[PDB]
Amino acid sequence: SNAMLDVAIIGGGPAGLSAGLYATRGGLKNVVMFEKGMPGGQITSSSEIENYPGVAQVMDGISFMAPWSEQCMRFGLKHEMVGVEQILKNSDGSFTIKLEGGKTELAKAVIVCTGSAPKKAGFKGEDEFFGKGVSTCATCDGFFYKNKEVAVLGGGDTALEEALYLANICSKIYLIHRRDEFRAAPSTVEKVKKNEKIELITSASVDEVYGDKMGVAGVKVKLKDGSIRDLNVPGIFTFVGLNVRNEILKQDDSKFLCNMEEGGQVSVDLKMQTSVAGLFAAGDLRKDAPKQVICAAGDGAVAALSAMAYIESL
């Protein structure tokens, strides 16, 4: 803060944490990871991760991520709990980091790690009921729906997993998806087809969620034949994908700071180098991201290794 940072890391999920670990273990002394909440990012809202190689114990996202803070902070990494609004490239080659509330930081290098956020499904009442029966986090809100029926929308690994989790809590789940077959791991699909508490509604979509100020009262589902089915349920959870959070790269002339991809990803090469010297990107934000925890970690380590070499070069 008094002196210019070596690296500013924007986001504290697996990619940020991992970049912070590598940059500081590696020898850089002023490394701040700006994460608006607590670190962990997206996965902390999952009920089950099991595919992170080298971690053989199946557990929830919060338990999975808990040890990371201590580990990734052993060599001096700092966590500032603030939101970042904008990255700028200075005429001199340094970076300016704009923070919420009008504060500013300077940095030789920047690794943008800001992750992704839940896509809109696109149905009537989605926005109007968000936080009053419409949700994108089952671990946060499950408890409110104990011994109650809810809907879950989506057909990927995430939807099914959170449907299994909600099946231990709610009396019943309607799992709704627009295709006849799920795009998801077969062992998860088998557990879902075998769970007496989950009813599949396939080749279907959500027409409307309705209710009033007190909350959601129900969901209208459009079935394969074009008919409507009225689900009398106080909650629906949506898991239809996520968009990249790339707001902070947008300049005041509405252009992006570096080369972007068609779908909003930041363009990078294998070393996570963007088109702008000293700006790196890792995790879901980078080009062609597979959207996995192990991969966001790999990327973060690459970025830090490239941010170190770049710093040694000047």
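Residue indices: 1-based, along the sequence shown.
Stretch exceeding the other in mean C-alpha B-factor - 244 to 252, 266 to 274
Per the deposited B-factors, the answer is 244 to 252.
Look up the CA B-factors in the entry and say which stretch, 60 to 68 or 254 to 262, has the higher mean.
Comparing averages over the C-alpha atoms only gives 254 to 262.
Using the temperature factors of the C-alpha atoms in this entry, rank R229 within its chain: lowest, middle or highest third.
Within its chain, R229 is a middle-third residue by C-alpha B-factor, going by the deposited values.
Please place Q42 in the lowest, middle or highest third of its chain according to the CA B-factor in the PDB entry.
Answer is highest: the recorded C-alpha B-factor places it there.
By the record's CA B-factor, is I173 among the lowest, middle or highest third of residues in the chain?
It belongs to the lowest third of the chain when residues are ordered by C-alpha B-factor.
Ordered by C-alpha B-factor within the chain, which third holds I198? Give me lowest, middle or highest, please.
It belongs to the lowest third of the chain when residues are ordered by C-alpha B-factor.
Relative to the other modelled residues of the same chain, rank the CA B-factor of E100 and answer lowest, middle or highest third.
Highest third - that is where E100 ends up once the chain's C-alpha B-factors are sorted.
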